[PDB]
Structure formats: structure tokens, C-alpha cells
């Protein structure tokens, strides 16, 4: 249906736009300071995607507020910063990774659930992040759906709601099965 893609001033957001449009979605992109929660209510999106972006969830404009308000009401996907924001919105903590991964691919292992349904395991994904969700801090309401080779959280899923984060970029040219990963979110 109609997807609202919240843009955290990012230079990867329109790759998500292109993938969702290719899959047949109607997509609106709005910057994280161009929208209020009242405007979202007027747009009546079917699903929301929180984009990647610089800095931390605290610098992600309306992103944390949207996650808290629409959690369990419309499906939400968080990508990279969006994934971090989703963890933070329910009490998680975002910390520096052991090693920054900027334009580097990694094999990740998942449980074949949520956006990983039907995907190969392991899966090679592009990373563009300096920060991760601290595993110790992760709220009880989330399962870890995917791990890096060094046991960093690469994905989370809310145990009740359609609320899912991935730390990597399915929309990167060197990510495996990125269209199908997003198709899982679009068509569930």
C-alpha cells in the first residue's frame, strides 16, 4: 500500500525508496523535521520505515516519537539508525561497535524469522555504522533475529508487534537478497 519513509538527512534513504517502489509500493519520503505526528495521522500510511542517518537516535528528529506512537498500530521497519532508534525507544542503549564498518560486507547469521523468512543463512550484507545496540541493554520485548561473526546485534524483532530493525543496508548494491528482505516487510 502507502509507505511513509522518514528520512534522517541520509544519503541511502532513496535506495530504500527505489526498492519499495520497484516492489509496487506507493512511497512518501519526509525528513525527520518536516512532519508532525498529526501530519502522519492525516497521511494514513499503511507502514512506516525509519531510514539510516548520521549520529544517534537523539539526533533523529521525530523518529523516536513516531516509533513510540505507532508501535503495534502500523508495521514499522527501522534501518541502521532506525534499528538503533527502535531499541532506544523501549529502553535499549546505543554504544560504539568494537570496530567501525563503513562500506564493508559481513556474513551475518539469522534464525529465518521476520524479514529473514526465506533468505539464505548466512547472508552477506553491507554495513555503514560506527554504533550498535548494546546486547546487555536490549529490552525483553525484542528477540535478536541476526548476529555478526563477532556477536553484534544485526537485527531485532518485537515479540508481539510488527516492529523490526536491521543494523545493515539491505538496499546496498553488495547486500544479498535485499529486495526479498524488504518484500517480507511489504507483503507480510
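Residue numbers count along the first chain shown, from 1. Under this definition, the rigid core comprises the largest set of C-alpha atoms superposing within 1.5 Å between the forms.
Do the Cα atoms of 50 to 58 stray more than those of 64 to 72 in 4 other deposited structures of this protein, or is it the other way round, with the core held fixed? Of the two stretches, the larger average C-alpha offset in 4 other deposited structures of this protein falls on 50 to 58.
After superposing on the rigid core, which of 171 to 179 and 14 to 22 has its C-alpha atoms sitting farther from this form in 4 other deposited structures of this protein? Between 171 to 179 and 14 to 22, the one lying farther away in 4 other deposited structures of this protein is 171 to 179.
Going by the B-factors listed in the PDB entry, is the mean over the C-alpha atoms higher for 23 to 31 or for 41 to 49? Looking at the recorded C-alpha B-factors, 41 to 49 comes out higher on average.
Tell me which of 161 to 169 and 11 to 19 has the higher mean C-alpha B-factor in the deposited entry. The entry gives the higher C-alpha B-factor average to 161 to 169.
When you compare the CA B-factors of 125, 146, 119, 141 as listed in the entry, which one comes out on top? Highest C-alpha B-factor among the listed options: 141.
Ordered by C-alpha B-factor within the chain, which third holds residue 114? Give me lowest, middle or highest, please. Middle third - that is where residue 114 ends up once the chain's C-alpha B-factors are sorted.
If you rank the chain by CA B-factor, which third does residue 75 end up in: lowest, middle or highest? CA B-factor rank for residue 75: lowest third.
Position of residue 155 among the chain's modelled residues by C-alpha B-factor, lowest, middle or highest third: Answer is lowest: the recorded C-alpha B-factor places it there.
Within-chain third of residue 135 by Cα B-factor, per the entry: Its C-alpha B-factor belongs to the highest third of this chain's values.
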